Structures are given as C-alpha cells and as structure tokens.
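Novice: The amino acid sequence is not available; the structure is as follows:
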Ligand SMILES: [Ca+2]
C-alpha cells in the first residue's frame, strides 16, 4: 500500500515543472536528469530537494532545463524506448538532501526489491494525486508474468514491478519517476494499469539497456 517517504529521504527525486508539476525524474549527476520520453515538453524547470510541491520548505533548488534529449528510437504509441535526458542550465549543489543516483552496471533480476517514489502524477491523465512524496517497496516481476499481465506489449526494453495480489492500486510513481534497486536506477515509470486497476504491475523503462547511450550523450552535450 506504500507510505509517505519523509521529506528529502529520496535525494535524487526531482519534480519537472512547466507551471505545475507534470512528471518526475532522477538526478544522475550534478547537471543531468533522466526521465520518460513521454514527459517531453517545452519550458521545463527542474525542481530538486522537494517534498511538498506546493509549499517552499527550505531545501529546494529550482533550475531551468537547458536541453532535453528524447531517445532516438522513442515510439509514443508503444512506449518502446521511453527515456529522455534533461540537462540543467547550472549544476545543482549536491548535499545529503540533493544527491545523484548511480546508473546500473548490470540489469536487475525478478524478485529484487525496488523503491518506487513520486507524487503520483501520470502525465495527461487528469487523475488526483498527493502533494508530498510517496514511496512503495515492490519486487521486480518475472519476464513471463510481466508479459502475461500485458500480452503483446512488453518489449525487451521494459520490465514490470509491483503486486498481483492484495487488492490495492499503486499510484506512487509519477510519469518519468525513479525505480531504484540496491542503489541503482533500474527503472523509469512508463505506463501500465498498476494505478488504475488493483492487482496490476507497473511497467518501467529498463534503464540498464540505455547506460551506453546515456553516458555517450552526456559526454557530448
Ligand atoms: Ca516545496
């Protein structure tokens, strides 16, 4: 059922704001954020150090995005390759409440526990969500169970995490938000029925497939 994370306990969590909070993301170094390609839009301000997104509480850093880079192979219909990089106009000041999260060196396996965090905003969904950061500890599901949950839709660039029993909904992640497992960013909140229906898993972009692209893109921009 998840829980309130606690202010600044997820220091890599970011809010993307274009007048209002519209997506999450993950700080991966002082000047770059990873999010979902379906989060793309103009005039992004990156908000770090947030807990309540409607109240200035004292640990925020607001930094304009200088550049967004959608994956070359992003398909908005299938959500294959749902990943985007956002460069910050200035480097964030890193401390205990604002910190980067490591990229994976290896992919994660079914059964591994992950932390999904966010304010529960699914972009363009029109759905209600809280103003403080929420968290869910959830396991990665097997390939076969993921495909069985979403026949014909799961590519090699996606994985499922969450619960197939319990009779609850999981609405913690924002579009573009982090799935962190054993201190590595393994997933990005992409799509699924995990919030709309009970007993369904979320679907996440499989970050480990993109580490080479992320590193090369950052190194050149
Ligand atoms: Ca705030």
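Specialist: Arrived safely, thanks for sending. Numbers count the residues shown, from 1 in each chain.

Novice: what about the spatially most central residue of the chain, distance to the ion?
Specialist: Closest to where the C-alpha atoms of the chain average out (CA atoms, centre = their mean) is residue 177, at 1.7 Å. Here the criterion is CB to the ion, to the nearest Å. By it, residue 177 lies 16 Å from the ion. For the C-beta atoms, the positions are set from N, CA and C on the backbone; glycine is no exception.

Novice: Just to check, that residue is in contact with residue 22?
Specialist: No. Under the criterion of CB atoms under 8 Å, residue 177 is not in contact with residue 22, lying 11.6 Å apart.

Novice: ok now the strand or helix carrying residue 67, how far from the chain's centre?
Specialist: For residue 67, the element it lies in under DSSP states H and E is strand 61-70. Here strand 61-70 is found 16 Å from its chain centre; the criterion is CA atoms, centre = their mean, to the nearest Å.

Novice: What helix or strand is residue 213 located in?
Specialist: helix 211-219.

Novice: er, residue 116 actually
Specialist: strand 113-118.

Novice: what element comes up after that strand heading to the C-terminus?
Specialist: Next along from strand 113-118, by DSSP H and E: strand 134-139.

Novice: Relative to that next one, what are the paired strands and their orientations?
Specialist: Strand pairing for strand 134-139, using DSSP bridges, gives strand 3-4 (antiparallel), strand 113-118 (antiparallel).

Novice: just those strands: most buried one?
Specialist: Highest mean neighbour count among these (mean count of other CB atoms under 10 Å): strand 113-118, with a mean of 23.

Novice: How about the secondary structure of residue 27?
Specialist: Following DSSP: H, G, I helix; E, B strand; the rest coil, residue 27 is assigned to strand.

Novice: Which positions within stretch 101-110 qualify as buried?
Specialist: By neighbour count on 16 or more other CB atoms under 10 Å, the buried set for stretch 101-110 is 101, 103, 104, 107, 108.
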